[PDB]
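Read the single chain below, which is given as structure tokens and is the form deposited in one PDB entry.
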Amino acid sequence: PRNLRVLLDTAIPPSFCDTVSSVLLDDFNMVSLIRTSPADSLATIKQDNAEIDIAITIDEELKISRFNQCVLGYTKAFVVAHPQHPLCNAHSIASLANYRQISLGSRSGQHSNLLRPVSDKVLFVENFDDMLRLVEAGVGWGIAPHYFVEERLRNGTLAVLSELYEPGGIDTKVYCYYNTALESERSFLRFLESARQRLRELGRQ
């Protein structure tokens, strides 16, 4: 035993996990890293069989039995669309409720408040890569993490629709859920401090 299993959703930057990997490797037998869609994180850890000890995700649930919650920091996500998508005036949310958007589907078909689509023209996809395939094809708009659309936004391939809603990008809170057996661990607090400093650093890029 003593095998730590950590879950990160694909809204967390890959660079972030470096800290996870460096800090708590030494304090456990074996550290395992798993990535899921933000829409599958909570449902994944709520499978007892899955034996997830730590989850780092933007999804929010009030009380998930046998898990505590704490905040690690913030990330950025933008509403993006094809640069010639009808809505590129930025009215903003008013219009979005009526056009197609590629939003992250879930294996359970249900969604939280944070991630439930806003429109009724909705096309579910499993991952951000498919989302942005369809979005770069004019099929609809979509909400995606910063690090996914950085390249494309500065290359004209994509346009931001959410500067009136929240200038600078939709700041999304990043939560850490974890086993009630870890509060009594020195490691875990070292990890929390390091992860918080790390998100704080990534925010400055």
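Residues that one form lacks are left out of the comparison. One rule holds for the numbers: they count along the sequence shown, beginning at 1. Basically, rigid core = biggest C-alpha set you can superpose within 1.5 Å across the two forms.
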- Just how many deposited residues go unmodelled from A90 to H91: none, 1 to 3, 4 to 9, or 10 or more? 1 to 3
- Query: Can you tell me which stretch has the higher mean Cα B-factor, 70-78 or 94-102?
  - Reply: 94-102
- Of 179-187 and 10-18, the stretch whose C-alpha atoms average the higher B-factor in the entry: 179-187
- From the entry's CA B-factor values, the highest among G168, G142, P145, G138 is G138
- Message: Going by the CA temperature factor in the PDB record, which third of the chain does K46 belong to: lowest, middle or highest?
- Response: middle
- Message: Looking at the temperature factor on the CA atom of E163, which third of the chain's modelled residues does it land in?
- Response: middle
- Query: Relative to the other modelled residues in the chain, which third contains the C-alpha temperature factor of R5: lowest, middle or highest?
  - Reply: lowest
- Name the third of the chain's ranked CA B-factors that contains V149, choosing lowest, middle or highest. middle
- Message: Among the modelled residues of this chain, does the Cα B factor of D40 put it in the lowest, middle or highest third?
- Response: lowest
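The form deposited in another entry is left out here; the points below concern that form.
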- Item | Shift of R107 between the shown form and the other one at or above 2 Å (CA, core fit) | yes
- Over in the other structure, so in the other entry, do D120 and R107 pull closer or drift farther apart at the C-alpha level? The difference is 3 angstroms or more. closer
- Message: Since the Cα-Cα distance for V122 and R107 shifts by 3 angstroms or more in the other entry, is it a contraction (closer) or an expansion (farther)?
- Response: closer
- Relative to the superposed rigid core, which consecutive-residue segments of length 3 or more display CA displacements of 2 Å or more between the shown form and the other one? 26-29, 106-109
